[PDB]
Amino acid sequence: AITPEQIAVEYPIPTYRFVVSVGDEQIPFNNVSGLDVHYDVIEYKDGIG
Amino acid sequence: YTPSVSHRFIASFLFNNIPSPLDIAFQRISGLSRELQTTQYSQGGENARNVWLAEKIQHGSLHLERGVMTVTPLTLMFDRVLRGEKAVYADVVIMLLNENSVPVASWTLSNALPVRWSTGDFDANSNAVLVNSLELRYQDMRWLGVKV
């Protein structure tokens, strides 16, 4: 016995229902991708390990 | 006419006519060269030909590279000369070996003088073997063998 309110709180969300706002206007889209964040790594080694 | 490869070789140092058995393995030995120094002379009415006049002969230097290892008689001689002690000479025989460890070509150097010892950098980011670089200056070269 699982109530719909439980699903809205505990279950993971699917990808297929979304709304996209471009500027101050909303436009229907079919696919949106690429929202990734990347960082570089700076390293430093010394003689004593 | 079969050519010879350049990655199998051996060098022997003789100190006071006594060979050093621990100083035969080296990572690299530079090539040996001889040059006949000449000056070009031009005549008065000769404007189409050249004349080259011979002079003394110049020998090259001997460079070796080797990793850091246990102290050997070659190391002790180099340290003594570069510590300010009396200069000493050594005789070197370079041999190019074939598949049966038979020297097809050999070069002998008379009265080689240690003049430089150098070592590689201590790099914390490197993956390499610490390598010593030695250079000697000799008096005369003359080769023996069936190949050259």
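Residues numbered from 1 in each chain as written, not as in the entry; some residues may be left out. Chains lettered and ligands numbered in written order. Part of a larger assembly, values for the part shown. Heavy atoms only, no water.

Structure determination for the deposited model, as stated in its record, used cryo-EM, and the stated resolution is 2.68 Å.

Caption draft 1: How the structure looks around unusual backbone geometry. Residue and element names in this part refer to chain B. Phi at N17 takes a positive value of approximately 60 degrees, unusual for a residue other than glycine. Mapping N17 onto the fold places it in the loop between β1 (9-15) and β2 (18-19). Look at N17 and you get exposed, because its relative accessible area is 72%. (Helix = DSSP H or I, 4+ residues; strand = E, 2+ residues; numbered from the N terminus. Buried < 20%, exposed > 50% of the residue type's maximum accessible area, 1.4 Å probe, protein only.)

Caption draft 2: Molecular detail of the pattern of salt bridges. Residue and element names in this part refer to chain B. Considering all chains together, one arrives at five salt bridges over all chains under this definition. Of the charged contacts in the structure, one is a salt bridge between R66 and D23, with a shortest N-O distance of 2.9 Å. A residue pair is termed long-range when its members are at least 10 positions apart, and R66 in strand β6 (residues 62-67) and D23 in the loop between β2 and β3 (28-29) qualify at 43 residues. What makes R66 buried here is its relative accessible area of 5%. Between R137 and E135 there is a salt bridge, with its nearest N and O atoms 3.7 Å apart. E135 sits in the buried class, given a relative accessible area of 13%. It is possible to trace a salt-bridge network through shared partners that takes in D79, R83 and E85. (Salt bridge = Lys/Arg side-chain N within 4 Å of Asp/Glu carboxyl O.)

Caption draft 3: Quick peek at the pairing of β6(B). All names here are of chain B. Pairing of β3 with β6, which is carried by two bridges, proceeds in the antiparallel orientation. The residue of β6 that forms the bridge with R28 is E65. Relative to strand β9 (residues 131-137), β6 is paired through six bridges, and the arrangement is antiparallel. From the neighbouring strand, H63 faces β9, where its bridge partner is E135. (Pairing = 2+ DSSP bridges.)

Caption draft 4: Quick peek at the side chain of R66(B). A polar contact of 2.9 Å, which involves the side chain of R66(B), links it to the side chain of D23(B). Not counting the four nearest positions on each side in its chain, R66(B) is found in contact with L22(B), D23(B), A25(B), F26(B), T72(B), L74(B), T75(B), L130(B), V131(B) and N132(B). (Polar contact = N/O pair within 3.5 Å; in protein donor to acceptor, adjacent residues only side chain to side chain. Contact = heavy atoms within 4.5 Å.)

Caption draft 5: Structural view of the packing of aromatic side chains. Residues and elements named next belong to chain B. Tallying each qualifying case throughout the model produces three aromatic pairs over all chains. Judged by centre distance (6.3 Å) and plane angle (25 degrees), the ring pair of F13 and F15 falls under stacked. On the accessibility criterion, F13 (0% relative accessible area) is buried. Judged by its relative accessible area of 15%, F15 falls in the buried class. Each ring, one from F78 and one from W117, has its centre 5.5 Å from the other, and the planes form 70 degrees; the classification is edge-to-face. Here the residue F78 occupies a position in helix α1 (residues 73-82), and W117 occupies one in strand β8 (residues 103-119), the gap between them amounting to 39 residues. The exposure class of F78 is buried, given its relative accessible area of 0%. Feature note: the residues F13, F15 and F26 constitute an aromatic cluster, connected by ring pairs. (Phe/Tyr/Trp six-rings, centres within 6.5 Å; stacked < 30°, edge-to-face > 60°.)

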